[PDB]
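Read the single chain below, which is given as structure tokens and is the form deposited in one PDB entry.
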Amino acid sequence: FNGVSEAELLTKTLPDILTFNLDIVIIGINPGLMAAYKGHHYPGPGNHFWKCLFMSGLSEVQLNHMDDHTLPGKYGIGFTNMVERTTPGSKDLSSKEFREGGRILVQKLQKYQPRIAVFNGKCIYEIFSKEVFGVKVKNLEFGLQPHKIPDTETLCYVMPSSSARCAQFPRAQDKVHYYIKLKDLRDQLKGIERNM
């Protein structure tokens, strides 16, 4: 990576971008190498996140990973990951690392209490659900889940990973439906709060 070794990148981490009073926290899996290199969320040339964010109207202009620190204040959106350690991929992580992450994540969510905890990936919600809700359904679906983060009113919302690795949702366009329904959920919640 412009002369930086993988071995160097494996030891970097990616800072969370979290505040109080967020509408949404995007929870990725763990930093990939490019994220680790950049120190910003979803820089992957092919990752669909920033494209989907704009295509859905969650951002009114096309943003990119360099804009990530502006999202809390301007857009009501923050970032963390289920697991902190950088790896060359999401099947390099152990079940223990995942469960440790889940525990850490739920404490972060109990602290910051966003309106909506967004799992950027079905696989990490599968883990979270088992660990936190003691529930594994056989037919986990995308979208809104039926359990709030414990001791909070923060909902859980699941999307197909923005990584372009998965073939079932081959393009940004194939995932945008979930970002639109995420926008609608936020808008609904704000509307309830506004109208009491």
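Residue indices: 1-based, along the sequence shown. Superpose the two forms; the largest set of C-alphas matching within 1.5 Å is the rigid core. Shifts are known only where both forms have a C-alpha.
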**Asked** When the C-alpha temperature factors are averaged for each of 180-188 and 8-16, which stretch ends up with the higher value in the entry?
**Response** 8-16
**Prompt:** If you average the Cα B factors in the entry, which is higher, 85-93 or 103-111?
**Reply:** 85-93
**Item:** Top Cα B factor in the deposited entry, candidates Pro160, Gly39, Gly32, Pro170
**Value:** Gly32
**Asked** Relative to the other modelled residues in the chain, which third contains the C-alpha temperature factor of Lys136: lowest, middle or highest?
**Response** highest
**Message:** Which third, lowest, middle or highest, does the C-alpha temperature factor of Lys148 belong to within its own chain?
**Reply:** highest
**Asked** Among the modelled residues of its chain, does the C-alpha B-factor of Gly78 lie in the lowest, middle or highest third?
**Response** lowest
**Item:** Third of the chain's Cα B-factor distribution that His69 belongs to, per the entry
**Value:** middle
**Item:** Ranked against its chain, the third holding the CA B-factor of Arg165
**Value:** middle
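Beyond the structure shown, there is the form deposited in another entry, which is absent from this document and is the topic of what follows.
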**Complete:** Core-aligned between this form and the one not shown, the sole member of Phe133, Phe54, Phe169, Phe142 showing a Cα shift of 2 Å or more is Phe133
**Item:** Rigid core superposed: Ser90 CA moves 2 Å or more between this form and the one not shown
**Value:** yes
**Asked** Given a CA distance change of at least 3 Å, are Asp92 and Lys12 closer or farther in the other entry?
**Response** farther
**Request:** Once the core is lined up, would you list the consecutive runs of at least three residues whose Cα atoms each shift 2 Å or more between this form and the one not shown?
**Result:** 88-93, 130-137, 192-196
